[PDB]
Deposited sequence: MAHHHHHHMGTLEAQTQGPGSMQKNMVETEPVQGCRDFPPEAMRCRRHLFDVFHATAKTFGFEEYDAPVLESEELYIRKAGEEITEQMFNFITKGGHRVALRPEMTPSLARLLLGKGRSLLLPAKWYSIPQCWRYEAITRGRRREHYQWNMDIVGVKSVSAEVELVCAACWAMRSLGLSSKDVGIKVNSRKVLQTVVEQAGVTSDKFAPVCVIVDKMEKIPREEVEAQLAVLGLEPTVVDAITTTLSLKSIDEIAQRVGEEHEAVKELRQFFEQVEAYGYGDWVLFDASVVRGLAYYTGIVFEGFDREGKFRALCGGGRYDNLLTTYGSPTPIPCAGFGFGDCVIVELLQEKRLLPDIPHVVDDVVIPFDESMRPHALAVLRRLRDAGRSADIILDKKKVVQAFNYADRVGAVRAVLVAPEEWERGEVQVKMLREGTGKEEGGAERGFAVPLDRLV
């Protein structure tokens, strides 16, 4: 036998498992459409150079990389955001702003799972917190669409600008801010900061432990950018009607080098699962890639695995069996030609329909119809045919119907 298991850490999606994935992706797509985002895609294979950010990120530590037969350093993308930036930088002046782009790429890692799908939503060319508002509202909308409520989940919201000011007031070089964020994201965090380069660590921990925006304002001032932006953010989400879904949490920084402003992450209010989604503003990324002009950006990722766990726990993922509208059944093999004419008609009318492909008895054909979840069984028999009719039997007992009135 060949090996029937998939390659290490990768998932197969037979029809049953595919329907669950599809149910999830339908929401991601529908939510994107509702919010006016445009789909894009790019190759899963990118140059390794795209991910060399040198901040000790977990994501760059766990890259699935390899050398081509030809000697080029490539990787299966660990995330989509750098691919987006490449595309954005490639368009340059021709890209009309603002742009709202989304995708549902498979992303990879090498360390149980080595592979996941990740819905990406990003807004490009919008300076103000309305971008973050929309992004956060989109993530809530998706969760709501899947059956979750604000009692089940929330989004923790913070700004990295608070921590920046604290770090900056200690005379810490600006090039050290990203590593600090990668570290603070994680008693070992006390040791790692010293290595980057005690009273400064004290200050960091104190501010991240502050439990409200008012307490942040006491420390850095009420007119500080972070305070004004967070207040605007919460005012807008309230106005949109999702105030119960969002809250402030000063310990949220995220693990990625490139966030500059507001950052956020989704969570289950039972404290059972890892983050459902995560994102933030990254206004400097395109400048680091070499854009001659700064390009504001903000966005999030939303993985396909944790959400499914949460939906299973909450009993929101019942198996939806396969369905088809009609199953056409030839009474015997001499009726196959006529049955195919019927099948054609049903499909021309926009119906989903099978025809019994092999030779079998009517009752077995009827059973197969039930197994594939047919709403209706269409028996094509000699006597009915002469009368310009077929027999129809609803499965969701039996009578003749004219060919013209089936559809």
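Where does the model skip over parts of the deposited sequence? Going by the record, the segments left unmodelled (no C-alpha atoms) fall at 1-25, 137-141, 217-222, 234-235, 435-445.
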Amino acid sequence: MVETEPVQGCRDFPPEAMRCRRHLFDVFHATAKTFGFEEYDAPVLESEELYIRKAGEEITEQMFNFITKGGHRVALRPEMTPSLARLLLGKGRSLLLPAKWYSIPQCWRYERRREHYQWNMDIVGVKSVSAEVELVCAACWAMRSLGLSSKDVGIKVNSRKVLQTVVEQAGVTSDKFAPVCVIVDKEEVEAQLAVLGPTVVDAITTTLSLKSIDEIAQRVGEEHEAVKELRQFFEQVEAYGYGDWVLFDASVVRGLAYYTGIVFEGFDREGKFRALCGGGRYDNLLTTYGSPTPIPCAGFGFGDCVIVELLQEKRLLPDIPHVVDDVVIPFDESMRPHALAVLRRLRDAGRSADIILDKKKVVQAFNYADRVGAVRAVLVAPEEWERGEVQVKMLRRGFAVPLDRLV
From here on, numbers count along this sequence of modelled residues.
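The term rigid core refers to the maximal set of C-alpha atoms that superpose within 1.5 Å between the two forms.
Which stretch is more displaced from the shown form in 9 other deposited structures of this protein, 66-74 or 353-361, with RMS over structures and residues of Cα positions after a rigid core fit? Result of the core-fitted comparison in 9 other deposited structures of this protein: 66-74 deviates more.
Report the stretch with the higher root mean square CA deviation, pooled over structures and residues in 9 other deposited structures of this protein, choosing between 331-339 and 187-195 after a rigid core fit. Stretch with the higher C-alpha RMS distance in 9 other deposited structures of this protein: 187-195.
Between us, would residue 397 come up missing in a third or more of the other compared entries? Yes, residue 397 lacks coordinates in at least a third of the other compared entries.
267-275 versus 201-209 - greater average Cα B-factor per the deposited record: In the deposited entry, the stretch with the higher C-alpha B-factor mean is 201-209.
When the Cα temperature factors in the entry are averaged, is it 25-33 or 58-66 that ends up higher? The stretch with the larger mean CA B-factor is 58-66.
Taking the Cα B-factors listed in the entry, which of 166, 307, 84, 129 comes out highest? Comparing C-alpha B-factors across 166, 307, 84, 129, the top value belongs to 166.
From 283, 238, 122, 190, residue of greatest CA B-factor: In this record, 190 carries the highest C-alpha B-factor of the candidates.
Lowest, middle or highest third - CA B-factor, residue 321: Ranked within chain, residue 321 CA B lands in the highest tercile.
Name the third of the chain's ranked CA B-factors that contains residue 218, choosing lowest, middle or highest. Highest third of the chain for residue 218's C-alpha B-factor.
Could you look up the Cα B-factor of residue 15 in the entry and say which third of the chain it sits in: lowest, middle or highest? Its C-alpha B-factor belongs to the lowest third of this chain's values.
Is residue 294 in the lowest, middle or highest third of its chain when residues are ranked by C-alpha B-factor? Tercile = middle for this residue's CA B-factor.
In terms of the chain's CA B-factor thirds, is residue 155 lowest, middle or highest? Bottom third by C-alpha B-factor.
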